[PDB]
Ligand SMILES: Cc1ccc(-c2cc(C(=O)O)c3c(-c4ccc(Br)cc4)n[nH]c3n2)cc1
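In the form solved without the ligand, a lone chain appears below as structure tokens.
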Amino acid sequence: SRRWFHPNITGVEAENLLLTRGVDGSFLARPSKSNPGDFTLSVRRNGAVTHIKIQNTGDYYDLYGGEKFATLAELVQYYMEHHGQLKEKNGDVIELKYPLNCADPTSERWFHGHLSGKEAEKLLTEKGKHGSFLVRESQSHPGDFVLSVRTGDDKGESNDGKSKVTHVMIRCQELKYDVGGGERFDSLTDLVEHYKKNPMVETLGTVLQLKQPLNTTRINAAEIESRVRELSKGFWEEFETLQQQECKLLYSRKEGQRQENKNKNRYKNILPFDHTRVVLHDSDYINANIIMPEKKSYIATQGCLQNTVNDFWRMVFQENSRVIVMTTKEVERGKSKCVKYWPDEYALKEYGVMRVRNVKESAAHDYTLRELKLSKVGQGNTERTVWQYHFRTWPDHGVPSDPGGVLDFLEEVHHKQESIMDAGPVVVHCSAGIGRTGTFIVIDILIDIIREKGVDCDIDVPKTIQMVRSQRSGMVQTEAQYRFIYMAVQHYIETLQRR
């Protein structure tokens, strides 16, 4: 459960960890600082350490000499149940047996490190609820930590005195942690997890429940500039924090794994969650999920394959979708990303029982809009206009340097959607339909709150990403995409405060 990920280690330091603390079959992953965006799977075998590269340009995790994955936890899980899959150049098998646990508490939601005692109380007071807790570094006693918990009736401020904020010392004694007596734990993580199962009870019977970490990522949109600045010189900690939670999301993907369905997947192991998969009743399978903010919903799907085009048009029809957002060139960096599934301008085409006319193509600066008429065969009355926004200026690597273009694009897609009273979910896709797709959908969801509720509302980026990730694997792929989301929301804010 992601303890095998070491967010701060170096290629050399990991070598040591696997050679000293580790045995054959021990493994860990770390962000390589070779290429920011790259990752390394360091596995100890036959006495030594082999490094296995994993590349993520923003579409998926590409395990060099392995397969592609939506998340690292899915990558790891996959291999710890398909022995003999991970192979080296000369066919040798690489076993992943023992997760080499990291002790760095930085990525935990509950850890805050840099934080005074007055702050902690202020936060627990304002944001806190019964069960809200945090672990900060001690200033009164360096090297040691402090657990602050809240217990009581209701949340937010109060004077009823019904709620309170207890603090507990956590000492670091010779590289282990304790609360004053009892067990000594090898890491803060271990200590905290133990005191969630077995909560400390006070003398007079107050049970110190560690229910939920305290939320420090929710900001007021009005103030997002100051928060981004504060994160510029944070983003990484906040992001790797968000990334640690991906282990909670290893939901089933059985339908996608079935035999009859394997070749409907662009990448064999990037699959739709069963509980949110689009089901076609028009087989029933397509590599797509409904993403629902929790009014406007989305279908996030992979770029069509030749043999899935008919299914894609069945889905659009069935879902009553009237807008499609395509965020990829058909071909990029040599490889196919999406097959052309629309007719040439003016042409009419049949894809199975579905019929599409490309009525008109308009070219704007960053995208192309194609007005499409979709109908079922035999029943010429089911004619409905489907508007396809094909975004064209997204770089082969990384993200746009300025969110302006994406923002204007989205505003347009939003107005289109809004002008059609029937419209079902907005279909959004790229290559695997998780990276750019997730980025576009998160920005869209965020902006929509701001457009509705205004500049004086609360937004929470990692919380929104996490909510999206629980509906399709790996939504939003990289830290670059993570920052771009903040910049797009920022840019949106000041153009609202200027118009």
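The numbering used is simple: start at 1 and walk along the sequence shown.
In what follows, reference is made to the form solved in complex with the ligand, a form of this protein that is not presented.
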query: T241 within 4.5 Å of the ligand in the deposited complex, heavy atoms; finding: yes
query: Contact of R109 with the ligand in the deposited complex (heavy atom, 4.5 Å); finding: yes
query: Partner proximity in the deposited complex: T216 to the ligand, non-hydrogen atom cutoff 4.5 Å; finding: yes
query: Touches the ligand in the deposited complex: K453 (any heavy atom, 4.5 Å); finding: no
query: Residue among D178, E237, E121, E412 with a heavy atom within 4.5 Å of the ligand in the deposited complex; finding: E237
query: Heavy atom within 4.5 Å of the ligand in the deposited complex - residue from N101, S375, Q245, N310; finding: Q245
query: Candidate stretches 208-216, 340-348, 143-151, 380-388 - the one whose heavy atoms come within 4.5 Å of the ligand in the deposited complex; finding: 208-216
